[PDB]
Structure formats: structure tokens, C-alpha cells
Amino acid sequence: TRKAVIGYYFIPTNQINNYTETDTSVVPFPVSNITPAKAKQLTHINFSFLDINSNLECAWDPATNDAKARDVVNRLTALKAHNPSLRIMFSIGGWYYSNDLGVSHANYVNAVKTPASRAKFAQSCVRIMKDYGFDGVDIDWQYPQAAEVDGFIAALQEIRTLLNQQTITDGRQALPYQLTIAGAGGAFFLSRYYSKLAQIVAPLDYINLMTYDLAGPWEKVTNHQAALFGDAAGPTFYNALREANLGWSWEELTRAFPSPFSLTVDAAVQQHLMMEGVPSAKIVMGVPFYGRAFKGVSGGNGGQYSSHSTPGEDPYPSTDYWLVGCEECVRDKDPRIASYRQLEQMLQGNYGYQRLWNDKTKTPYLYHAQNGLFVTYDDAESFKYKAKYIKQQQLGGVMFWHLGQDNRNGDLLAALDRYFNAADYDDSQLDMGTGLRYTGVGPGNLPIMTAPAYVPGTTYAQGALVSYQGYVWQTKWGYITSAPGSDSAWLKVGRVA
């Protein structure tokens, strides 16, 4: 089955309102930059972002010129003429609109509250989808928590019911309307809804993991923002999933959530697979088409794992643009982030950067010795390892943020497509390295084990193993005269064949 390749197309309201395909100082990335070749390389384009208004319905930002919005969407849906499998999805949410302190956060919480609100919200999503010509709905709430999760789940279920009926009504069985969400790619935010992952994923075609932004100026130590595997020399983090309302014992939590651990792409994927009922085929790995930069770093390890003097707040609080050669940073007023397009140009500009590679994390980084700069980013080489991981782990595919950040020729997208589909690419001998893998085991993903059946009336010593009611259990202490189950003395360690 073809791997999904989901690329975000993000355009701010002011660019839609002044949309033009002949002035990059107004619209840096017009839809006309997406050629038939690029369209064939994508399976989904996530148009972003729509929002939820105070009337608790899906809607465009009110300042949007509707005619111009339709025109932009039309340019994207016209790409389907070049690829019969391509879907132009629309995404509702994003950090700015939906974060806890975001401008529309209350609308997300309130829309999912009751059967009536969820029905009204769900119907609005399908109305918008049909009115503008989209092929599916993507929800990007960053992120629901606590009492909001059950409502969020019911909302997704309702949208799924409505989309499925719309597929039949429209005779779209060959290209059914889809439903996806962008999910947390790190344990801190993931802990908010982790316990109910199976219910969240059930109504979805895919859950697109935001496996990037795992490092940044807001952290005290420089690090790779999207390491595939861990580097013991790099920083480690508290495993927040140990605090999710799971109802597991101390041993169970400890075995499932080693801590401290390496915040990596592999960690997020494995944390999702640890939960029962989350299929690998629905998990999509996200990758960044941009890098993050730090200043005031020390040499020694190429700027890796160093203290730094980079402002961590937003917006960038200063007027000094210190990322040498990054003119894009000047225009966007932030020297802490840059598109791959720009980073690649900086590499061809003889500006003093050295491209280095970490063979444990399988990601590149730039080090500017002279000025004390470190940049963590991804490229066609790190994507070889990530694509092989997607294949080996049987994931659904890849997602990326965002199309406008690829170089002009679209090389990163072309690479992803090549690694999944080209007859002339062979990664059978690609060595995945010895970087740290996430090895937690959840009572939801126990290995097959074999042990003698439990015998009532028997007294068991510490560490004894027995099979009982479908699982293999181990004693945590001695003189056990109780049967396996809720009784504190027994630990579920495997599944009986």
C-alpha cells in the first residue's frame, strides 16, 4: 500500500487577500510553484488554516476576502487533474488559533461540549468542505486536555459519520472523504490525551505526528529538533506519560515510560504503538522542512548540546538578525528559524557554515565556528533513514510542514517520494545505526511469553512466572498465595499464545 505523503500548504490571511503569483515579496510561495510533478509526489495537501468561530462552527478568519480564498483553493484542487489519488484537505486549528492561550481556544473547548454543539460543529465542517471543494477534514487542536478529550472524541466520531454519508451521497467511493488530525510529537503535550489514544485514532484515516520542535531556544541545551534515534551525549527529559491518568501500577508505569529519556521521533512513534488499538498503518511521521538556530554556542561538539544565549520567547524580542546569510530571517523578523530553501542557499554561499552529521540521531546540523551558531535541520539524507523507519515500522507515511519551505525545485518532497516509490532507489543496505531506541513496554503491547498455568493452593517465590486468563504474570515478591489479576503481587508481563 502506497505510503501517504502529506504536505501542508500554509498561507496567511493577508497573503490570500493580496494573492499574486508574480511577486514573491507579497506571496513567497504561490500555488503555481506546485508543478504536475510535485502534485504527483503528494497524496495529500493540507490547506491551512481555517478556525472555529464564536458561533462554534468551522469558519474562515473573518478578515478573509472570500473570493480570493476560493481562488487559492481552486488552484490547489486543480492539481488533482495531475494525480487521481491526491486530496486537498483543509486544516482547522494550528498553534496560533488553538493553543491554550490562543485567540480561539474557547471556541474549540465549547464546540465539543454537547451532542448539539458537536452536531452543529460537525455539520459546519462538511458544509465548508463541500462549499470550497476540499476532499477531507484535518483537525489541528494543540491540544485538547482533561475533560475536553471525551468531547473531542465524540466530535471526531460525528464528523466521521457525516463524511461517510457524504461519500455515499456524492458517489465518491473511489476517493472517500477523509478525516485526520495533527497529534503531539513529544511526551509533554501527548500526556494530555495519551490515555484515550485508541478512541481518538479510531475515527481517523491518519494521525499525523508533529515529530519536530523537539529542541529549540526555549530549552537550555542546544539539540536536534527531530533526532530519529537518541544520542546518550545529548540532553534527556522527564517522561510525562508517567503522569497520564492510566490506572497502571508503579512497575507498569516504569516499564512503559523509562525516564529520563531521549526526546526523538522514534520515541513518539513507539509511545503511540505502546497503546492497544493504535494501528501502525494510521501513524504518520511528521518531518520539518525548516531548521532552528541558536547563538552563543560553544565549540567542541560542533555546537551540539551547548549552553546558548538565544531568546526563547515569541515574538522575537529584538531587531538584531544574527543568522549570517539568512535574508529570509530578516524579512520574517526572526533569526531563530529558517526554511530548508534558505539554509541550503546559505550552504552554497560561502558564509562560514560547516555541515556536520550525527550518526546516532541520523540528522545533520550546521556549525558556524566564527560566530558561535548552531542550526538543527533535516535534509534529503536524514529523510533516507526516516523513510526506511516508516517502511520497517509499517507506518502510514510521512507528513511535513511546510511546502513553501522546500527549495524551488522541490527536492525534499522529491526525495521522500523517491525513497518510497522509485524503482531506482535501494535502501536495503542502509544502516540504521546504534542510536538509542525507545524500549518501553506497555500492558497494551506485551510480547508473547510461555509459562506453566497458575495452580491455586500453590505458594510462589519471587520472580516466578505463570500463565493465567490470557497473560503470563510474574511475582514481585515471595510467599504469594493469591491468584494473578488485580492482586498487587502479580505483574502482567506477556501474552499467552
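All residue numbers are counted from 1 along the displayed sequence.
J.: Regarding 5-13 and 473-481, which shows the higher C-alpha temperature factor on average in the entry?
T.: The stretch with the larger mean CA B-factor is 473-481.
J.: Pick between 376-384 and 243-251: the one whose mean CA B-factor in the entry is higher.
T.: Averaging CA B-factors over each stretch, the winner is 243-251.
J.: What's the residue among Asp213, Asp205, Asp334, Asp427 with the greatest CA temperature factor in the PDB record?
T.: Within the set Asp213, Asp205, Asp334, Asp427, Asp334 shows the top C-alpha B-factor.
J.: Looking at the C-alpha B-factor values in the deposited entry, which of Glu313, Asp140, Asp135, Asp411 comes out highest?
T.: Checking the PDB record, the top C-alpha B-factor among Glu313, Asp140, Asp135, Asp411 is at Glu313.
J.: Thinking about Cα B factors across the chain, which third does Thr180 belong to?
T.: It belongs to the lowest third of the chain when residues are ordered by C-alpha B-factor.
J.: Classify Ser307 as lowest, middle or highest third according to the C-alpha B-factor given in the PDB entry, relative to its own chain.
T.: CA B-factor rank for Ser307: highest third.
J.: Ranking the modelled residues of this chain by C-alpha B-factor as given in the entry, is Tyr238 in the lowest, middle or highest third?
T.: Within its chain, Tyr238 is a highest-third residue by C-alpha B-factor, going by the deposited values.
J.: Per the entry's values, where does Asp266 land by CA temperature factor relative to the rest of its chain, in the lowest, middle or highest third?
T.: Lowest third, going by the recorded CA B-factors of the chain.
J.: Give the position of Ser191 by CA B-factor within its chain, expressed as the lowest, middle or highest third.
T.: Lowest third - that is where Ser191 ends up once the chain's C-alpha B-factors are sorted.
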